[PDB]
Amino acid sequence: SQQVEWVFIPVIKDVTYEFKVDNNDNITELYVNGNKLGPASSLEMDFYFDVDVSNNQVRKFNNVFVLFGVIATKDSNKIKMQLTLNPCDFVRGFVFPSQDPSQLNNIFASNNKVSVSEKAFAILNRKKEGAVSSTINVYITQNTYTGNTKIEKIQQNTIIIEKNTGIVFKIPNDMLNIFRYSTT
């Protein structure tokens, strides 16, 4: 599973992230703005979310990756990330083991990707993260951003976790505050 491409997926405003969870509590698909991303490895739901199954609620997000010196924006229907090298800039998100990387081109504004050491990222609420590869693919444009940046928050229903039963896990609104990021 460490021989698979793991990719960084920024969680940003006006993009919807839908995780499909099966009867075994495994993630079968991630849809980013409706674009399907299949997992290469069997992928436990608890790699991303700690769920209180009894009242159908997310307790916390696990393995939230933070990359510094970059900003993110929405460009057309795609995620655009740019290098600033300013340590006060950051973009937060998930890592995902792509079964079929060619699916990633619909999600990101650039074809341009670089490998970044896994040690470069801060990882919040680390849990059973040994599966992740030692380098992470990051989709970043070739053009630096040198203008002013600001911190933005995501919207209430940015992340949706859909079980096979049709029932969604509740995510409290305050929990989304962990996904703040730098943008233009």
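For every residue, the number given is its place in the sequence shown, counted from 1.
As listed in the deposited structure, the average C-alpha B-factor of 88-96 and of 75-83 is greater for 75-83.
Sorting 63, 158, 143, 117 by the CA temperature factor given in the entry leaves 143 at the top. When the modelled residues of the chain are ordered by C-alpha B-factor, residue 174 sits in the highest third.
Among the modelled residues of its chain, residue 37 has a C-alpha B-factor that falls in the middle third according to the deposited record. Among the modelled residues of the chain, residue 18 sits in the lowest third by CA temperature factor in this PDB entry. In this PDB entry, the Cα temperature factor of residue 30 sits in the middle third of its chain's modelled residues. Residue-level temperature factors show residue 67 in the lowest third of its chain, judged at the C-alpha atom.
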